[PDB]
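Novice: This structure is in C-alpha cells; I'll ask about it shortly.
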Amino acid sequence: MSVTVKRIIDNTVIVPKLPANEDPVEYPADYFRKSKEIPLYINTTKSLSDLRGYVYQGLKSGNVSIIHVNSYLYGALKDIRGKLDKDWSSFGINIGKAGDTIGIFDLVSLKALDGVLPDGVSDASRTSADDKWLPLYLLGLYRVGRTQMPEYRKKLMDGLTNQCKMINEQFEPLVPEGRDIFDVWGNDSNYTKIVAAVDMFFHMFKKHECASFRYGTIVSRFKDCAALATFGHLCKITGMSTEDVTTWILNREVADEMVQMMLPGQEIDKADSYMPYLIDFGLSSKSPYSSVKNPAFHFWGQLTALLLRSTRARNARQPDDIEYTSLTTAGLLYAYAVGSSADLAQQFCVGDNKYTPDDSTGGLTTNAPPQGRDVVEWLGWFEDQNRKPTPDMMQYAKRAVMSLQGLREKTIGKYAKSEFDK
Amino acid sequence: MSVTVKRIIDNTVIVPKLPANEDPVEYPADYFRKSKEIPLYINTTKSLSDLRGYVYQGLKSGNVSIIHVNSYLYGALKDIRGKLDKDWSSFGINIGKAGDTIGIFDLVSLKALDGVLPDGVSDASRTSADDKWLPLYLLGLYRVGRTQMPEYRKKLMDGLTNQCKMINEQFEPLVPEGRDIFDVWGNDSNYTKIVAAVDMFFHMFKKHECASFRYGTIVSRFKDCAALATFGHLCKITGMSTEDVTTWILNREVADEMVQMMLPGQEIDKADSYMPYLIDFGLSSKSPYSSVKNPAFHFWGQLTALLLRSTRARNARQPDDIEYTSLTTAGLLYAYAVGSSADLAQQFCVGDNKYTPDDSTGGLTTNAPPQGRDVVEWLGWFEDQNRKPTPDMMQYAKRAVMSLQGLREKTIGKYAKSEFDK
Amino acid sequence: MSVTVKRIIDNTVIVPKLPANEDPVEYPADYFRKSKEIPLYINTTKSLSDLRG
Amino acid sequence: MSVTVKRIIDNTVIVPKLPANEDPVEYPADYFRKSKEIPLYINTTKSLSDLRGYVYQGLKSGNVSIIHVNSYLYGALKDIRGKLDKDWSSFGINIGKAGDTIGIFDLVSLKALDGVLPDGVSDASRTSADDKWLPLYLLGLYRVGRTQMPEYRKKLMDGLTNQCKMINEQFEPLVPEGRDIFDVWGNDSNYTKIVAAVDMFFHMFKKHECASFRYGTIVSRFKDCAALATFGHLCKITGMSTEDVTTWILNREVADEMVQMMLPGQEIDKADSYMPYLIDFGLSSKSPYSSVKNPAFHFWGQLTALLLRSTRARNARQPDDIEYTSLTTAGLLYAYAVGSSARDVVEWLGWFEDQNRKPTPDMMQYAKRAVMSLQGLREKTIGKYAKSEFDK
Amino acid sequence: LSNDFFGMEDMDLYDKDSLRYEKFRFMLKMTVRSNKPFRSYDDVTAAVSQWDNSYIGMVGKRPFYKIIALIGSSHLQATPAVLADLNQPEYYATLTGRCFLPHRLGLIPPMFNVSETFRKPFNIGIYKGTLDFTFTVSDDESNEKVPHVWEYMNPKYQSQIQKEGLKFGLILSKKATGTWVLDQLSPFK
RNA sequence: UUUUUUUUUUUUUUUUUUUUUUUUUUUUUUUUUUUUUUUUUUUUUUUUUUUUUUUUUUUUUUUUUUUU
C-alpha cells in the first residue's frame, strides 16, 4: 500500500482497494517467463489439396470451419524461404541466427489440435493455385471482420479484392454478399496466432515475393495498443523528445498509466519483437497498452495533438467515465506551450559561437508566455494566472479547432469543438 | 458496543441494539473457512442424449424441470479444454497449477442430488449438435429472467437469439412468446452455481472457442455488488487516487458502511477469485456489497458521479429510508472540489525543475475556492462558509444536471433534477 | 540514454521509450559488415533464345 | 589511548573507542609481509582455441562465465616479450633484473583454481586473430562496466569500439546492447588481478606493440586512491612544495588522514610499484587512500583547488556526513593565501586570528570570483556546494 | 553399501526395517478419462501407475498416496457415459475412512490435514486420457481401532495383490499371518 | 459502600533510518607532446455488458506529374 488511512473514532486502518470490475493488466514478459514458446494448435491430418478444397467450398457456401481454415493456412504457408541477415532474438527466444533460412511458423511452437475434424465439402477440381491468392484472401477476411461498419467493411473488401486480382486477376468473389461468417474468425485463438505470425514474418521480410500477404494482417501489428500509438503521435507532432514530453504529463492519473506503460522488460521500442502482437499471440489476455485500460492518457494525448492541428487526432473515440476538466486544462496548457513558443535554439557550433545574449535587456518576468518549452516556467506562468485559462489560450484553441468540417460523433474532434469553440 | 450509555435517573445502562429486521452481512471468507469446497448437487443418472431431449422438449412445451436442465448443463459443459498459464489459487483453494488443463466444474465440488427425477418428454430425433448453442440459450435465459419488464427483456431475448444464430444459424426459438418459466430458475441454487462457475471459467479463458457462453451469465459477475461497483465507478470518474477518495466520505454512516464494505480478508481486488460470485455460489446469503445493505454510499457516490457528468450515474435507483440532506451536501461539496479545482500538478521531472512558486504572493486566506483537492482544506473552507453551500455550488449543480432529458423514475437523475434544479 | 526522468511521488525513474510504429533505420555499412556480398538469385537453366521468346 | 579520560563521580576511566562501522585500513606492506606473492587462481584444463571459442560465443550470447574469460585472458596474454632495462623490484619482490624478458603474469603468482568448469559454447571456426583485439575488448568491458551511468558508458563503449576497430577493422560488436553482464566482472578477484597486472606491465613498457591493451585497464591504476590523487592535484595546482603544503592542513581530522596516508613504509612515490593496485591485486580490501576513508581531506583539498580556478575540482562529489564549516574556512584561507600572495601558514593563522576567526568580506569576494561563472555544475559535487555557499 | 565404502553403520533406533504400524484416516477422489473403456483392471493399473510421473506432492505420504491410488483404482466404478457410444468413457471413484498400514519404511514425519490435487495425462499406448486426485492423508492419534488398510480392496478384483499392488511401484510381502506389510516403494523411488 | 484481587480501552519478544551487496566517487584517460406501514417470498438496484476493442488510418517502399 502506498500510504495508510486511519478511521478516526479509534484510529484503525482500512486499506481501501479497487474492485475487480476490469481484468488487471498482463505483460508479455510474464507470459514468456511462464512458458518459453507460443503453442499453435492445428489439425494436420489431411492433405493440402483436400484442405484447399474444404476451404474453397466452405467459403463459396459460407459454411467453412475455423479448424479447416487454420490447417489449410498452415499447409499453404510453409515457405521456409526468406533468409535472415541479422539475429532475430526477442524476449529470450532464439528465432534465428543471421543467415539461416526461416519459415513463417518457425517463430511459433506447433502442436496437434485435440478435437473432432468437421466433414467438409471436399472438391477435386481446384488445382495448385492456392498460395497465390487464397491465404491472402483468408487473412484479409480477418481484418475485414473487425470494422463492424458497412462502409469501411465494403471499402476493405474492395481493397482485398483488388489486391487478390493483382496476383490472380480472375478472382470471382468467394464469400457471398451476406452471411458474414468471418466475424467469428477473430475470436479463435489459433487463427489470431497464425495471422500475427504471418504479419511479423512479412514485416521482417519486407521485400519478400509474398509480401502482399501483409494486407489483412497489418491490423494485428500493435493490436489493442492505441495508447502507444497516441504517445508516438504526440511525440512526433510536437517535435519534443519523449524523454522531455513525459515530464509534461499531469492530472496525476496519466502518471499511473505512463508508469505501467514503460516497465523496462518489454522492449516496446524494438520493431522485430513479440510486443506488437502481445494479444494475438496470446501473450497478454488483457493488453496494458490499450485505450480502455488507459483512458486518461489516450484522451489527453489525442486532445493535445488535436489542438496542435494534427489530421490523426480528430477521429479517436473519446473515452468514458474519466475526469475531463483537468485533462482538458492540461492538454490546452501543453498545446499552447508547443504552438506559442517555438524553441528556435542554436544546436551545432563550429568551435565557437554557442551562447545567447543575456546582458542585452534580458527581461523575463512579465505577463507574457515564458517563450520556452520548460515545464516549470509554464507552470509558474499559469499559477501567476491563478489556475484559469487566459483568453489568448482559448483563442488559440478556437483557431486550432475551427473549420473542422465533417466531424465524427463520440470522437475527440467533436468534444473539442463542443468545448474549445465557445 | 461503542461506549456505555447512561440514563440519568438512577445511573443505569440501556445497551441498545438494532433489531434483526434485515439479515446480517456474510463474507465469503467465513464460508470458505467453514467449508473447503463448493458442493454442486445434480442428478447424473441419465444419458446425455436423453437429458438433451428432455430439456429440448421441455423448452418447446414450456414445462422443463430444473433438475433436468441442471443435469443437461453439467453433461454438455464437461469441456476439460482450457490450459492454465498461471496458478489460480483463490481463497485457499487450488483450482489448478500453471499448465494443467481444467474444466468448467473443476472449480466447484460435485455431489449427487438426493431426490426423485421427473419423467420428462424424452425425444430421440435431436442429434448431438447441442453443445454449440443449447447451453448458450439455457444460460441466456438466466440473465433474461431478471429484467421483470418487457421493453428490456425483448432486447435481451433478441441478443440471445442473435448470439445463438451466429453459431447454429437455424435456431427456431424454443420458449414461447409468453408463458415464462426461466424466471424461477434464479431461485434454484444449483443452477446459479453452474452459471457462475461457467462465467468465471470463461472469464479466466477469454480466448476460448466456446467463450460465447459468457452471454447470459455475465450478469452473475459482481452480482448484488452495486456498492463496490459504484465505489469503483466513483474512483474512476473523479480521477483522484482510490485511497484519497475514502478520506472524503462523511455523514458517519458512510464510514461504517465502508468498513464493513472492505474487511481486509475478502480478496475484492483479484479478478480471478471466488469473491464476485459470493451469492451465486452460495458463499454468502446476504452480500455486504449489495445496495440494499449499503444504501448511503451507493446514493452518495451515484449523486457525486452524476454531478461530475457521468452517463452511468443516471439510472441507479435512489435508495429509500436514508438521509437526503447530509449525503447530498457532502456529494455537492465533493463535486465542487474535484470538478472546479483541478489538481494539475507537476508529475515527472528531469533531475530538477520540481517545485512551485510559494514566494510569488502565495496568499491563502480569501473568499475563493481552495484551488486544491485535500479534504481538510476544502472542509476548512466549507466550515468557514458555516456549512451553508454557496450559490456557486448551486450553479455548478444546475449546469451538471440540466439538459438531462429522458430521466428514469426513482433514479438518481430524477432526484438531482428535482433537488439541484430549483 | 541522454537524461533520466524521475517520478516525484517516491523518487522513482520510468525510462520512457518511443514505440516502434515506424521501423528503425538500417545502414548499408551494417549490412556489409553482416555480409560481404550482394546475392542475386536467378534461374539460368534455360537458353537465351528460349528466355527472350 | 592518547591520554586518560576520567568520570568525576568516582574518578574512573572509560577509554572511549569508536565503533567499527567502517573496516580499519589495510596496508599493502602488511599483506606483503604476510605473503610474498599474489596468487592468481585460473583453470587451465582447456585448449587456447577452446577458451577463445568459449569467450567469443559467451560474449555474443551474453552468457559468458567469469572462469572461462579469465582462463582465456591468461592463455592469450602469455607475451613473455618485452625486455626490461632497470631493476623492477617492488615491495621486496624480485620481479626482474635489468635485461631479462618478462611476461604479464610473471609479476603475479599463478595457482590452479579449485572448482567446476562450466560447459562453454565454443565455436571451432575462429582463427588465431584473438590476441590482436579480443583481450583488449575483454579488459575494456571492465572499465565500461565500472561506470554505471548510461552517458559515460555509451561514450566509453564508443571509445573502446574505436580502439578495437583500429586493429582488426571489422569488429562486429559482441556484447548485446541490453542486459549488460560485464558489471559482475569487477566483483571477481582474479579478473581484477589480471587486469591490474596487464595495466602495470604495459605502464612499465609504454612502447610495447600491444600497449593498446591499456584501454579499459587504465581505470585500475590508482583505483580507490582519490585522496592521494587530490593531494597530488593540490600540490601541482598551487606550485607549492609538498613538504610545505602538509603544514597548512588543519581541523585535526585532515591531520589524522594525512598521518594514516603517509606511513613511511608504503613507497607511495614510486610509479613502477604495486601501490596503485593495492585493491585490485587484493593487497588491501580497504584502501586507506580512498575518498570514503579520507572524506575530510578530500573535501578540503577539492574545495581549495576549486577556489584556485582548477577545472578538475568541479566534478568531485562532496563527502557525506563530515563537518564542513571548519574545513571550508581552512580551504578558503589556503585559497586566498595562494591567490593573493604569489605562503607561510602561521602568518596567515595570526592574520585570521586578528579577525578572531571570521572570513573577511575580501576573502568572500575572492571566493565569489573563483566560483562565479561555472556553467553546467553537476549535483552533489564540490562546485555545486561552493556555488551554493560561496556565491551568496 | 557397507561392502563398498567405509563407515555406514546403521542406527540403533530401527535396525534395518523395524516394522511399525501407522494409523491414519484418509479421503480420496478420482476421475479417469480415457478414449476407450478399460477392458481389464490391469490396464487400469497401467493407466494409473504413472499418476506421479512428475511428482510435486508429499513425501511422508507418498507411499500412502500410492496405496490410496491403488484403492481408488480397485473401486473405479464406471459411469453411464461408459455405455456403447455416448462420449469418452469417464471413470470415478471415491473412498473415505480410517486405516493402519504396517510398513518397514522407517518413522514417518507427522502428517497434517491438508488436501492436494493431482493432474497428469497418461499414455499407455492404446489408451489416452488424464487423471484426477484429491488425497486427505493425515495422522489419527485416537485409540479408535481402524480396519486394516489392505482390507479396503474387495476380493472380487485383484486376483494377485502381490502384483496388482506392485503395479503402482510398491513392493509387497506377507507377514506369515495374512496381513500384507509394505516393504518399500520402487527402488530408488 | 464492597465477592476477592485491581488501577496505562500499555506491551509477543527484539527493535529504532521508507540507511546499506561490497568496493567506489572527476557523466578525468591508450601511450607519448390479539394487534395496528390497506409494507415485504427471497435476492435485488445503469429499461450497462459475449469477449477484445477505440482512426469509416495502413500491402510494403515511397514524398519534384525532375532527370540521360
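So you can find residues: chains in the C-alpha cells are A, B, ... in the order shown, residues in each start at 1, and ligands are numbered from 1 in order.
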Report as a ChimeraX atom specification the set of chain D residues whose atoms approach chain B to within 12 Å, with distances computed over only C-alpha atoms.

Specialist: /D:378-380

Novice: Using only C-alpha atoms (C1' of nucleotides) and a cut-off of 6 Å, which residues of chain B sit close to chain F? Please list them as a PyMOL selection string.

Specialist: chain B and resi 152+212+214-215+312+315-317

Novice: Mind checking which residues fall within 10 Å of residue 170 of chain D, counting only C-alpha atoms (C1' of nucleotides), ignoring those fewer than 6 positions away in the same chain, and posting them as a list in words?

Specialist: residues 33 and 34 of chain C; 164 of chain D

Novice: Which neighbours of residue 66 of chain E fall inside 8 Å, counting only C-alpha atoms (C1' of nucleotides), when residues of the same chain fewer than 6 positions from it are skipped, and could you give them as a PDB file with C-alpha atoms, in the first residue's frame?

Specialist:
ATOM      1  CA  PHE E 168       1.983 -48.685  -8.750  1.00  0.00           C
ATOM      2  CA  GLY E 169       5.615 -49.166  -7.662  1.00  0.00           C
ATOM      3  CA  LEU E 170       5.029 -50.754  -4.256  1.00  0.00           C
TER       4      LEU E 170
END

Novice: Using only C-alpha atoms, what does the table of chain B residues within 7 Å of chain C look like, with each row giving the shortest atom pair and its distance in Å to one decimal, sorted by chain and ascending number, as JSON lines?

Specialist:
{"residue": "B:347", "atom": "CA", "partner": "C:8", "partner_atom": "CA", "distance": 6.1}
{"residue": "B:348", "atom": "CA", "partner": "C:7", "partner_atom": "CA", "distance": 4.7}
{"residue": "B:349", "atom": "CA", "partner": "C:5", "partner_atom": "CA", "distance": 5.6}
{"residue": "B:350", "atom": "CA", "partner": "C:5", "partner_atom": "CA", "distance": 4.5}
{"residue": "B:351", "atom": "CA", "partner": "C:5", "partner_atom": "CA", "distance": 6.8}

Novice: Near chain C, meaning an atom within 12 Å, which residues of chain F appear when counting only C-alpha atoms (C1' of nucleotides)? Write them as a PyMOL selection string.

Specialist: chain F and resi 18+27+58+60-61

Novice: Keeping C-alpha atoms (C1' of nucleotides) for every residue in the selection just given, could you write it to a file as a PDB file, in the first residue's frame?

Specialist:
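Saved file out20.pdb follows:
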ATOM      1  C1'   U F  18      10.543   4.442   3.935  1.00  0.00           C
ATOM      2  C1'   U F  27      28.955  11.635 -16.667  1.00  0.00           C
ATOM      3  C1'   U F  58      -2.219   1.343 -43.128  1.00  0.00           C
ATOM      4  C1'   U F  60       5.327  -2.655 -48.209  1.00  0.00           C
ATOM      5  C1'   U F  61       8.739   1.174 -50.049  1.00  0.00           C
TER       6        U F  61
END

Novice: Counting only C-alpha atoms, a student should be able to say which residues of chain E come within 9 Å of chain B; what is the right answer, written as a list in words?

Specialist: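 My answer is residues 79, 80, 81, 86, 87, 116, 117, 119 and 120 of chain E.
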
Novice: Filtering to N, CA and C atoms, could you give me those residues as a short mmCIF file (atom, residue, chain, number, x, y, z; two decimals), in the first residue's frame?

Specialist:
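Heads up, here's the output in again03.cif:
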data_model
loop_
_atom_site.label_atom_id
_atom_site.label_comp_id
_atom_site.auth_asym_id
_atom_site.auth_seq_id
_atom_site.Cartn_x
_atom_site.Cartn_y
_atom_site.Cartn_z
N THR E 79 -19.39 -45.19 -15.32
CA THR E 79 -20.41 -44.15 -15.36
C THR E 79 -21.35 -44.43 -16.53
N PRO E 80 -22.53 -43.82 -16.55
CA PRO E 80 -23.43 -44.01 -17.70
C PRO E 80 -22.82 -43.59 -19.03
N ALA E 81 -21.81 -42.71 -19.02
CA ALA E 81 -21.15 -42.33 -20.26
C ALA E 81 -20.31 -43.48 -20.83
N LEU E 86 -21.73 -42.87 -26.21
CA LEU E 86 -22.22 -41.55 -25.81
C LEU E 86 -21.13 -40.49 -25.87
N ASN E 87 -20.00 -40.72 -25.21
CA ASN E 87 -18.86 -39.81 -25.21
C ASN E 87 -17.64 -40.62 -24.79
N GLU E 116 -4.31 -32.25 -1.38
CA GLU E 116 -3.51 -31.91 -2.56
C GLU E 116 -4.15 -32.57 -3.78
N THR E 117 -4.40 -31.77 -4.82
CA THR E 117 -4.92 -32.30 -6.07
C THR E 117 -3.77 -32.74 -6.98
N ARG E 119 -2.97 -33.89 -11.20
CA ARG E 119 -3.43 -33.96 -12.58
C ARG E 119 -2.25 -34.35 -13.46
N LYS E 120 -2.46 -35.37 -14.29
CA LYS E 120 -1.41 -35.83 -15.20
C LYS E 120 -2.00 -36.69 -16.31
#

Novice: From the set D:276, D:288, D:339, D:150, which residue has the shortest atom-to-atom contact distance to chain F, counting only C-alpha atoms (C1' of nucleotides)?

Specialist: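 Looking at the shortest contact to chain F, the residue is D:150.
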
Novice: Write out as a PyMOL selection string the residues lying within 12 Å of residue 372 of chain A, counting only C-alpha atoms (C1' of nucleotides) and excluding same-chain residues fewer than 2 positions away.

Specialist: chain A and resi 240+334+336-345+364+368-370+374-379+381

Novice: Could the residues in this selection be written to a file with N, CA, C and O atoms, as a compact mmCIF listing (two decimals), in the first residue's frame?

Specialist:
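This is the output file selection.txt:
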# COMPACT_ATOMS: atom_id res chain seq x y z
N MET A 240 8.94 17.68 -29.66
CA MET A 240 9.53 17.49 -28.35
C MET A 240 9.91 16.02 -28.14
O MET A 240 9.15 15.11 -28.48
N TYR A 334 -0.38 22.48 -22.46
CA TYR A 334 0.74 21.93 -23.22
C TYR A 334 0.67 22.34 -24.68
O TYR A 334 1.69 22.65 -25.30
N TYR A 336 -0.77 25.03 -26.00
CA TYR A 336 -0.41 26.44 -26.12
C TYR A 336 1.09 26.63 -25.96
O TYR A 336 1.70 27.45 -26.66
N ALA A 337 1.71 25.87 -25.05
CA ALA A 337 3.16 25.95 -24.89
C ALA A 337 3.87 25.54 -26.17
O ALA A 337 4.85 26.18 -26.59
N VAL A 338 3.41 24.47 -26.81
CA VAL A 338 4.05 23.99 -28.03
C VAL A 338 3.84 24.96 -29.18
O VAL A 338 4.78 25.31 -29.90
N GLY A 339 2.60 25.41 -29.38
CA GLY A 339 2.26 26.23 -30.53
C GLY A 339 2.41 27.72 -30.37
O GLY A 339 2.13 28.46 -31.32
N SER A 340 2.84 28.20 -29.21
CA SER A 340 3.03 29.63 -28.98
C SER A 340 4.49 30.03 -28.85
O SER A 340 4.87 31.12 -29.30
N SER A 341 5.32 29.18 -28.26
CA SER A 341 6.73 29.48 -28.03
C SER A 341 7.57 28.43 -28.75
O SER A 341 7.86 27.36 -28.21
N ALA A 342 7.96 28.74 -29.98
CA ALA A 342 8.88 27.88 -30.71
C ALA A 342 10.24 27.90 -30.02
O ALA A 342 10.70 28.95 -29.56
N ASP A 343 10.88 26.73 -29.94
CA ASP A 343 12.16 26.63 -29.25
C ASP A 343 13.20 27.51 -29.93
O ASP A 343 13.68 28.49 -29.34
N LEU A 344 13.56 27.18 -31.18
CA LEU A 344 14.41 28.02 -32.02
C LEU A 344 15.73 28.34 -31.32
O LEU A 344 16.08 29.49 -31.06
N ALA A 345 16.47 27.28 -30.99
CA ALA A 345 17.69 27.38 -30.21
C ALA A 345 18.88 26.87 -31.02
O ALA A 345 18.76 25.88 -31.74
N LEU A 364 12.59 39.03 -18.38
CA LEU A 364 11.90 37.75 -18.30
C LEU A 364 10.54 37.84 -17.63
O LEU A 364 9.55 37.34 -18.19
N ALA A 368 3.57 37.63 -20.08
CA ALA A 368 3.79 37.06 -21.40
C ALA A 368 4.18 35.60 -21.26
O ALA A 368 4.65 35.19 -20.19
N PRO A 369 4.00 34.80 -22.30
CA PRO A 369 4.42 33.41 -22.23
C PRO A 369 5.92 33.31 -22.00
O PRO A 369 6.68 34.19 -22.43
N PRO A 370 6.38 32.26 -21.32
CA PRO A 370 7.80 32.17 -20.96
C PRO A 370 8.74 32.07 -22.16
O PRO A 370 9.96 32.08 -21.99
N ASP A 374 10.27 24.78 -21.18
CA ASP A 374 10.45 24.19 -19.86
C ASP A 374 9.10 24.10 -19.15
O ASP A 374 8.28 25.02 -19.21
N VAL A 375 8.88 22.97 -18.47
CA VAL A 375 7.57 22.72 -17.87
C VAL A 375 7.33 23.64 -16.68
O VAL A 375 6.21 24.14 -16.48
N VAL A 376 8.36 23.89 -15.87
CA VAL A 376 8.17 24.69 -14.66
C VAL A 376 7.97 26.16 -14.99
O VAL A 376 7.26 26.86 -14.27
N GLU A 377 8.59 26.66 -16.06
CA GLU A 377 8.35 28.04 -16.46
C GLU A 377 6.88 28.25 -16.82
O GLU A 377 6.25 29.22 -16.37
N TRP A 378 6.31 27.33 -17.60
CA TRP A 378 4.90 27.43 -17.94
C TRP A 378 4.00 27.19 -16.73
O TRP A 378 2.95 27.82 -16.62
N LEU A 379 4.40 26.30 -15.82
CA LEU A 379 3.62 26.10 -14.60
C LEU A 379 3.59 27.36 -13.75
O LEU A 379 2.53 27.73 -13.23
N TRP A 381 4.02 30.45 -14.88
CA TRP A 381 3.20 31.41 -15.62
C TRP A 381 1.71 31.13 -15.41
O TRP A 381 0.92 32.07 -15.23

Novice: Residues of chain D near chain C: apply a cut-off of 10 Å, count only C-alpha atoms, and supply the list as a PDB file with N, CA and C atoms, in the first residue's frame.

Specialist:
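The resulting selection.pdb:
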ATOM      1  N   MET D 149      26.541   4.546 -15.440  1.00  0.00           N
ATOM      2  CA  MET D 149      25.753   5.682 -15.906  1.00  0.00           C
ATOM      3  C   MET D 149      25.648   5.640 -17.426  1.00  0.00           C
ATOM      4  N   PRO D 150      24.434   5.736 -17.979  1.00  0.00           N
ATOM      5  CA  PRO D 150      24.255   5.490 -19.423  1.00  0.00           C
ATOM      6  C   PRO D 150      25.121   6.343 -20.338  1.00  0.00           C
ATOM      7  N   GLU D 151      25.284   7.636 -20.049  1.00  0.00           N
ATOM      8  CA  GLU D 151      26.014   8.503 -20.970  1.00  0.00           C
ATOM      9  C   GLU D 151      27.506   8.182 -20.970  1.00  0.00           C
ATOM     10  N   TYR D 152      28.100   8.066 -19.780  1.00  0.00           N
ATOM     11  CA  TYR D 152      29.518   7.737 -19.693  1.00  0.00           C
ATOM     12  C   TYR D 152      29.788   6.341 -20.236  1.00  0.00           C
ATOM     13  N   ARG D 153      28.888   5.394 -19.958  1.00  0.00           N
ATOM     14  CA  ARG D 153      29.034   4.048 -20.501  1.00  0.00           C
ATOM     15  C   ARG D 153      28.975   4.056 -22.022  1.00  0.00           C
ATOM     16  N   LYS D 154      28.052   4.834 -22.594  1.00  0.00           N
ATOM     17  CA  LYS D 154      27.931   4.911 -24.047  1.00  0.00           C
ATOM     18  C   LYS D 154      29.198   5.510 -24.651  1.00  0.00           C
ATOM     19  N   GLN D 170      37.128  -5.052 -38.719  1.00  0.00           N
ATOM     20  CA  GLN D 170      35.746  -5.494 -38.874  1.00  0.00           C
ATOM     21  C   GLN D 170      34.963  -5.285 -37.586  1.00  0.00           C
ATOM     22  N   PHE D 171      35.357  -6.007 -36.534  1.00  0.00           N
ATOM     23  CA  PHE D 171      34.831  -5.888 -35.174  1.00  0.00           C
ATOM     24  C   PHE D 171      33.320  -5.660 -35.151  1.00  0.00           C
ATOM     25  N   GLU D 172      32.545  -6.684 -35.466  1.00  0.00           N
ATOM     26  CA  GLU D 172      31.128  -6.637 -35.132  1.00  0.00           C
ATOM     27  C   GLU D 172      30.995  -6.645 -33.612  1.00  0.00           C
TER      28      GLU D 172
END

Novice: Mind the document's chain letters and residue numbers, and return as an mmCIF file with C-alpha atoms, in the first residue's frame the residues of segment 129-256 of chain D that DSSP labels alpha helix (DSSP H).

Specialist:
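That gives us out02.cif:
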data_model
loop_
_atom_site.group_PDB
_atom_site.id
_atom_site.type_symbol
_atom_site.label_atom_id
_atom_site.label_comp_id
_atom_site.auth_asym_id
_atom_site.auth_seq_id
_atom_site.Cartn_x
_atom_site.Cartn_y
_atom_site.Cartn_z
ATOM 1 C CA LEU D 134 39.876 -9.738 -28.111
ATOM 2 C CA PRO D 135 41.835 -9.382 -24.825
ATOM 3 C CA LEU D 136 41.709 -5.609 -25.305
ATOM 4 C CA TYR D 137 37.912 -5.772 -25.590
ATOM 5 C CA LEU D 138 37.637 -8.076 -22.572
ATOM 6 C CA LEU D 139 39.760 -5.729 -20.448
ATOM 7 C CA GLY D 140 37.851 -2.688 -21.702
ATOM 8 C CA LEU D 141 34.490 -4.167 -20.705
ATOM 9 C CA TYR D 142 35.670 -3.838 -17.089
ATOM 10 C CA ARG D 143 36.089 -0.059 -17.241
ATOM 11 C CA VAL D 144 32.941 0.163 -19.379
ATOM 12 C CA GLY D 145 31.017 -1.746 -16.720
ATOM 13 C CA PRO D 150 24.255 5.490 -19.423
ATOM 14 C CA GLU D 151 26.014 8.503 -20.970
ATOM 15 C CA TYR D 152 29.518 7.737 -19.693
ATOM 16 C CA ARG D 153 29.034 4.048 -20.501
ATOM 17 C CA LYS D 154 27.931 4.911 -24.047
ATOM 18 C CA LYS D 155 30.934 7.203 -24.546
ATOM 19 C CA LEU D 156 33.330 4.566 -23.201
ATOM 20 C CA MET D 157 31.770 1.923 -25.452
ATOM 21 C CA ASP D 158 32.277 4.225 -28.442
ATOM 22 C CA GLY D 159 35.903 4.777 -27.454
ATOM 23 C CA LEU D 160 36.503 1.055 -26.956
ATOM 24 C CA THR D 161 34.950 0.253 -30.341
ATOM 25 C CA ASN D 162 37.151 2.893 -31.979
ATOM 26 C CA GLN D 163 40.233 1.454 -30.258
ATOM 27 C CA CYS D 164 39.392 -2.114 -31.292
ATOM 28 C CA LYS D 165 38.484 -1.253 -34.895
ATOM 29 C CA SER D 189 39.055 -11.026 -7.711
ATOM 30 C CA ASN D 190 41.098 -12.937 -10.302
ATOM 31 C CA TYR D 191 39.778 -10.800 -13.168
ATOM 32 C CA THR D 192 40.816 -7.662 -11.276
ATOM 33 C CA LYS D 193 44.236 -9.193 -10.593
ATOM 34 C CA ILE D 194 44.701 -9.972 -14.295
ATOM 35 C CA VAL D 195 43.559 -6.524 -15.430
ATOM 36 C CA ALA D 196 45.799 -4.765 -12.890
ATOM 37 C CA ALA D 197 48.791 -6.907 -13.866
ATOM 38 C CA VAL D 198 48.190 -6.030 -17.522
ATOM 39 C CA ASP D 199 47.921 -2.338 -16.647
ATOM 40 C CA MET D 200 51.157 -2.283 -14.651
ATOM 41 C CA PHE D 201 53.081 -4.340 -17.219
ATOM 42 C CA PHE D 202 52.053 -2.012 -20.037
ATOM 43 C CA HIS D 203 52.710 1.023 -17.830
ATOM 44 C CA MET D 204 56.320 -0.087 -17.414
ATOM 45 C CA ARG D 214 45.995 -0.109 -21.581
ATOM 46 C CA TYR D 215 42.500 0.971 -22.624
ATOM 47 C CA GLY D 216 39.963 -0.281 -20.108
ATOM 48 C CA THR D 217 42.670 -1.311 -17.654
ATOM 49 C CA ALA D 226 41.247 9.570 -4.685
ATOM 50 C CA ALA D 227 42.754 11.105 -1.533
ATOM 51 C CA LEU D 228 46.321 10.696 -2.800
ATOM 52 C CA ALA D 229 45.210 11.872 -6.248
ATOM 53 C CA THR D 230 43.696 15.052 -4.809
ATOM 54 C CA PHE D 231 46.798 15.581 -2.657
ATOM 55 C CA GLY D 232 48.892 15.464 -5.822
ATOM 56 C CA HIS D 233 46.419 17.764 -7.564
ATOM 57 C CA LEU D 234 46.699 20.269 -4.707
ATOM 58 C CA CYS D 235 50.498 20.048 -4.777
ATOM 59 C CA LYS D 236 50.522 20.659 -8.552
ATOM 60 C CA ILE D 237 47.791 23.314 -8.954
ATOM 61 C CA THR D 238 49.426 25.630 -6.398
ATOM 62 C CA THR D 242 54.674 19.030 -0.972
ATOM 63 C CA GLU D 243 56.785 19.303 2.196
ATOM 64 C CA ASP D 244 55.297 22.763 2.883
ATOM 65 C CA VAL D 245 51.646 22.171 1.954
ATOM 66 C CA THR D 246 51.321 19.431 4.587
ATOM 67 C CA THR D 247 51.868 22.022 7.333
ATOM 68 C CA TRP D 248 48.877 24.062 6.138
ATOM 69 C CA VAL D 254 42.777 16.129 7.910
ATOM 70 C CA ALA D 255 45.885 15.755 10.084
ATOM 71 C CA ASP D 256 44.894 12.220 11.094
#

Novice: Find the residues around residue 106 of chain D up to 10 Å (only C-alpha atoms (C1' of nucleotides) counted), leave out those fewer than 6 positions away in its own chain, and share them as a PyMOL selection string.

Specialist: chain D and resi 78-80+95-96+197+201

Novice: Please provide as a list in words all residues within 12 Å of residue 125 of chain E, with the sequence filter that same-chain residues fewer than 6 positions apart are discarded (counting only C-alpha atoms (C1' of nucleotides)).

Specialist: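 Surrounding residues, per the criterion: residues 34, 35, 36, 43, 46 and 47 of chain E.
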
Novice: Restrict the selected residues to C-alpha atoms and save them as a short mmCIF file (atom, residue, chain, number, x, y, z; two decimals), in the first residue's frame.

Specialist:
data_model
loop_
_atom_site.label_atom_id
_atom_site.label_comp_id
_atom_site.auth_asym_id
_atom_site.auth_seq_id
_atom_site.Cartn_x
_atom_site.Cartn_y
_atom_site.Cartn_z
CA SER E 34 -9.93 -42.31 -21.49
CA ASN E 35 -10.56 -42.70 -25.20
CA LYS E 36 -11.73 -46.32 -24.86
CA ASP E 43 -4.94 -51.75 -17.94
CA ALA E 46 -1.14 -49.36 -16.00
CA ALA E 47 -3.02 -46.11 -16.69
#
